[PDB]
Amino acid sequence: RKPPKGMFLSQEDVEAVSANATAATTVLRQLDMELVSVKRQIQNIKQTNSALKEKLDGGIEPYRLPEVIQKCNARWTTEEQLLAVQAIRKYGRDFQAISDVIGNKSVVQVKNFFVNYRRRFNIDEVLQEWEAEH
């Protein structure tokens, strides 16, 4: 009830090949043509990808900046608070971004700032301002 292991036979394929005296040749020819159609399509995209790879020569090395690793301070200086306010205005709720902008404040210290200086720094207004422009 099974063809030999590796052999391929199906009711659909048998009917399609024995439909007429030239169906067998027609089926094989249409598959042969479809192979050339895909082979030339490969070299076409291979040429397209090769050109795009040249536009990436050098990578992003001349645009790489060194990492300014500084000690994480617990106290907030006037300047640091002002950096936060503008970060909240530009990033919204992305605590990670805000923290990276300041440099010396952890992700938790940022969240604490949101609650501690909520009223005084009109964070409610700043947050809705960000929503109006994303």
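Residue indices: 1-based, along the sequence shown.
- With 68 to 76 and 23 to 31 compared on mean CA B-factor from the PDB entry, the stretch scoring higher is 68 to 76.
- Remark: stretch with higher mean C-alpha B factor among 125 to 133 and 3 to 11 is 125 to 133.
- Among all modelled residues in this chain, the alpha-carbon of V36 has a temperature factor (C-alpha) in the lowest third.
- Sort the modelled residues of the chain by CA B factor and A16 lands in the lowest third.
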